[PDB]
Each structure stands twice: as structure tokens, then as C-alpha cells.
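Presented below, as C-alpha cells, is a lone chain in the form deposited in one PDB entry.
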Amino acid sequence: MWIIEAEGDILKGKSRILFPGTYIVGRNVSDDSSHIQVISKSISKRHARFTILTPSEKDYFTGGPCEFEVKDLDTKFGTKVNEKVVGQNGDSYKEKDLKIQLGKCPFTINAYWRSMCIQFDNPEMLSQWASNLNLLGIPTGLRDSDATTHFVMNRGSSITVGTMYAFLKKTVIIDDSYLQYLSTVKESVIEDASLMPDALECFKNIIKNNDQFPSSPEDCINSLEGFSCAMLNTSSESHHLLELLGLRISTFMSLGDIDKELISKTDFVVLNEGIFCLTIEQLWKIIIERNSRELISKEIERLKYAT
């Protein structure tokens, strides 16, 4: 999201989040959802138009900003963005920082992109919130990306593989509650950016007293290192997740892909011949427990006597 702040008291010492839409910037304008009062006498009544476009699909992957158009509204001394005079028909930008000088006013409005990308757990939640966050200038998606700052989880029953994986990846996880809170509060955030709903606070509220979450994601990392497992095709994101637990991962496909070679190189089979089988949900529940290694090892040796 685009956030503007300024030196002096020309924006009253409040930072503004500039969501998609259009803003008439000037001295003779009252602050509302489409209007930004800048407090300087040497600035036109209506000086500039700030137009923030919607994110494109690409913006989710690159972490890149929404297009920021600047237009000069027939002022005596012009508008400069990044020491370049804004021409007629306007200038537009996809750089992550902008320094906006408005006429003969030495206090620059500094625009910066605070990166926020919300990946979703699930296509149906993505369908629900797509437009809503598109208009809020937050790039959204299903796939994995290095731009992703937040994860929306589904909540229910057991948590999904995608939630487990995001958790261990050290990503901030989030509800529709957060998304609802963001939308009811949007207007206030335009007028003061410190009033942006703290995502981290919502995340901490999720982990608190939650049986489907361990006490820290850090303590799960390499917790099952030294163990081998074999698993199906099922989820690239489950493969990636069990690697984070330190598991040596073997990949099988059919019933009789379990040879003699597999048995001796594998401690357990990840699912969903008489051997040790586990679903990802059950493995997670073992990881929630304080004695993860021991539990697995005790069931491994116990199975050895059975056979």
C-alpha cells in the first residue's frame, strides 16, 4: 500500500494510506476519502491530483507498487515528482518511493510503498475477498511468492497444510475477521496510517490457546531431522513443509512402489504392506506435542515387534 507522509506540519504530522482511487490535494480541501488537505499557504486551493490504480496480477509476485499518477491542477508554480516537473496529461510511476514537491512549498510529500501481499489458503476465500482487496490495493493470490507478507487461513476442523506451511515459513497468519476489520476501518486509515489494523496482533490472537498450533514455529524447524519419510504426490506445499521439519523426503506414487529398498530407507509413510502410516494432520498433532521425536521413535520400534 501507498503511504504518504511529510516533514513540518503540512499533513498535520499524520501519515495517510492512499488506497486506490483519486485524491484532490490542495490547501482548500477538507480531508475525506477523495481529498487531502495540505497545510501550506503557498500551494494552490486545488494543486494536485493523486491517482492510485488497482494492482495487477504481476504485483502479487514482484511485490511492486500500484501505479501512482500525479497531475498538476493548473497551478502557478507546478508539481515536481522526483525533481521532474509533472507535465500536462500527468505523469505516472511504479517506483517504490516518490518525493512530491507542490509549487513553492519546500516541505515535500514523500510517498512510499509499504509492501503488503495477502496469499489465501483456498480459492473460495479468494473469490470472496478479491474485489474487496483489489480496491484496497493489496495484491492477492493462491500461489507461492516471495512478495507474500500475510496468509489468510480457513477456520472449522483441522487446519490445512497451507496454514501449517505458512506458519513455519515465519509468515503472519490472518482471518476474514481481519479482512472485515480492514474494510470497516478503511476511511479512517486514509486520514491516519497509524490506525491501520495490526496484523501481528490478530496473528498472536490466533496462536493463543489454539490446539492446532505449537507454541512457536521456530521450535518445529528441524525437529524431525534425522528421520526419513515417504509420501505421495499430494501437495508441493506438504513436501516443502515436511522439509522444514527436517525430514528426508522420498516420493512414491502407487501401492507396490514400496520395495525392500524403501522399508530400510524410510521410518514412516505420509498418506492421504504392514508399516507405520500417518496423515499430515496426525503428524502435525504429534508436532504440537512436547515430545515429538520420542513419540515417533516409540511407534517405530513398537511396529518392528508387530512385524
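So that the term is clear: the rigid core is the largest set of C-alpha atoms that superpose within 1.5 Å between two forms. The first residue of the shown sequence is 1; numbering continues from there.
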Worksheet item: For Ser44, does the count of other compared entries lacking it reach at least a third?
Response: no
Discussion item. Counting only other entries where the flanking residues are modelled, do a third or more lack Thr251?
Written reply: no
Fill in: Absent coordinates between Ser42 and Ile43 - deposited residues affected, binned into four classes
none
Worksheet item: Deposited residues absent from the coordinates between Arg155 and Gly156, none, 1 to 3, 4 to 9, or 10 or more?
Response: 1 to 3
Response to the item:
Quick note on 17-25 and 295-303: per-entry mean CA temperature factor is higher in 295-303
Worksheet item: With respect to the recorded C-alpha B factors, which stretch has the higher mean value, 246-254 or 45-53?
Response: 246-254
Discussion item. Per the entry's Cα B factor values, which of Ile275, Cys66, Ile36, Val70 stands out as the maximum?
Written reply: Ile275
Practice prompt. Looking at the entry's B-factor column for C-alpha atoms only, identify whether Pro217 ranks in the lowest, middle or highest third of its chain.
Written response: middle
Discussion item. By the recorded C-alpha temperature factor, relative to the other modelled residues in its chain, which third is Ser131 in?
Written reply: lowest
Practice prompt. Relative to the other modelled residues of the same chain, rank the CA B-factor of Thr75 and answer lowest, middle or highest third.
Written response: lowest
Worksheet item: Split the chain's modelled residues into thirds by Cα B-factor; is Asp59 in the lowest, middle or highest one?
Response: middle
Worksheet entry | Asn122 - Cα temperature factor, lowest/middle/highest third of chain | lowest
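Heads up, the form deposited with a partner chain bound isn't pictured, but that's what we're talking about next.
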Discussion item. Can you tell me whether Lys76 touches its partner chain? I mean in the entry with it bound, with a 4.5 angstroms heavy atom cut-off.
Written reply: yes
Worksheet item: Does its partner chain come within 4.5 Å of any heavy atom of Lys104 in the entry with it bound?
Response: yes
Worksheet entry | is_contact(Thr279, its partner chain) in the entry with it bound, heavy atom dist at most 4.5 Å | no
Fill in: Interface membership of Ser42, its partner chain in the entry with it bound, 4.5 Å heavy atom rule
yes
Practice prompt. Among 63-71, 29-37, 241-249, 44-52, mark the stretch whose residues have heavy atoms within 4.5 Å of its partner chain in the entry with it bound.
Written response: 44-52
Item to complete: Give the option from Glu95, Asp144, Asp91, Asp192 whose C-alpha shifts by 2 Å or more between this form and the one not shown; the alignment is on the rigid core.
Response: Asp192
Worksheet item: Taking the rigid core as reference, does the Cα of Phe19 move 2 Å or more between this form and the one not shown?
Response: no
Discussion item. After superposing the rigid core, is the C-alpha displacement of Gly64 2 Å or more between this form and the one not shown?
Written reply: no
Worksheet entry | Exceeds or equals 2 Å, Cα of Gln119 between this form and the one not shown, core fit | no
Discussion item. Closer or farther: the C-alpha atoms of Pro197 and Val29 in the entry with it bound, versus the form shown, with a change of 3 angstroms or more?
Written reply: farther
Discussion item. Can you confirm the direction of the Cα distance change for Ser238 and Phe61 in the entry with it bound, closer or farther than in this form, given it is 3 Å or more?
Written reply: closer
